[PDB]
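Residue numbers (PDB author numbering), protein chains in the order written: chain D, 660 to 710; chain H, 508 to 558.
Notes to accompany the following structure.
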């Protein structure tokens, strides 16, 4: 038991760091979805002007 | 503990093809072959005490 507690603690911390990578990834995933939609709408301006 | 025996103390650079049995924080028992690039050092190669 006193060694399984150590295994659980280290694996939990690594799971949290894996969630860190995942959540930071999803975070700028959102922002870059956002910025590319920015450029798309910037020229959808010309789309709908000329359409 | 006591396998080799020779009359001469090799001072020149050499190595030890040693393998250890280590365990990391994830308890991962792994053996690993080492070298230990070593060499004896003598600043004054005539002094009886240091020699």
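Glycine residues also receive a C-beta, built at the ideal position from the N, C-alpha and C atoms.
Where the alpha helix (DSSP H) containing residue i begins and where it ends
i: residue 530 of chain H; result: Segment 526-530 is the beta strand (DSSP E) holding residue 530 of chain H; no alpha helix (DSSP H) there.
Bridge partners - residue i, DSSP secondary structure assignment
i: residue 521 of chain H; result: H/545
Continuous beta strand (DSSP E) stretch holding residue i: start and end
i: residue 703 of chain D; result: Per DSSP, residue 703 of chain D belongs to no beta strand (DSSP E); it is in the alpha helix (DSSP H), 663-709.
i: residue 537 of chain H; result: 536-540
Pick from the options that is closest to residue i, judged by C-alpha positions
i: residue 669 of chain D; options: H/515, H/517, H/529, H/533; result: H/533
Give a yes or no on contact between the stretch 508-516 of chain H and the stretch 682-694 of chain D, applying the rule of three or more CB pairs nearer than 8 Å. Not touching, per the Cβ criterion.
Could you tell me whether the stretch 535-547 of chain H touches the stretch 518-525 of chain H, where touching means 3 or more Cβ pairs closer than 8 Å? Taking 8 Å as the limit for Cβ pairs, the verdict is that the stretch 518-525 of chain H does touch the stretch 535-547 of chain H.
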